[PDB]
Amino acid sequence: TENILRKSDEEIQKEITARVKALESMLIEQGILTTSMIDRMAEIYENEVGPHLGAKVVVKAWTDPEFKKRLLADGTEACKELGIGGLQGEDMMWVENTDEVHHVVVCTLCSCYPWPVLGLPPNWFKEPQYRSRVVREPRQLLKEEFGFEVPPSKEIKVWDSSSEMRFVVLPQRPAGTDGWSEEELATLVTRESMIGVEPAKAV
């Protein structure tokens, strides 16, 4: 939004870069940061951990009703059955989209997100526009920002992660996918479908 007091993006980027390199040079001299530790972290959430992991959990719960029941009883344990877990997903509770109930997830206090199944959150999730409005106008927010009309009779449940418990949406299986393979069904599970801001892809 327009703010006449604000520097240009380019000027902001240039100032942040210098402040960060300066702090980094001090942490390195203290021995608590190294270039290799930085690259390993970047490498992990750029290539290893990401929403493709959460899609596997979704297609398994879609095609395996016993697993789905365990997913909904205890999300951390069930995702572990697929070797999926760890940092910022130590406590995971998955919640099921139905014909009667739609779920959407948010961290109004900061940016809490289930990193082991989704990776790091997109910037709109961590920013004040989504966080402030979704607990208060979920139905319009979904219509206006995501093109997603949730009928006024359907209940919208908003999960605000004020604790280390992380909420992940299990989206409804799209119609027209009977008997599809797990890899086929995965192409329909989006990051957005597991935040609850979109359904899984149609067709």
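From 1 onward, residues are counted along the sequence shown.
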Mean C-alpha B-factor comparison - 91-99 and 109-117, higher one: 91-99
Greater mean Cα temperature factor according to the PDB record, 132-140 or 149-157: 149-157
Residue of maximum C-alpha B factor among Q13, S181, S25, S193, per deposited coordinates: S181
Ranked against its chain, the third holding the CA B-factor of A78: middle
Lowest, middle or highest third - CA B-factor, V49: middle
CA B-factor placement of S36, once the chain's modelled residues are sorted into thirds: middle
Among modelled residues of the same chain, the CA temperature factor third for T1: highest
Within-chain third of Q172 by Cα B-factor, per the entry: middle
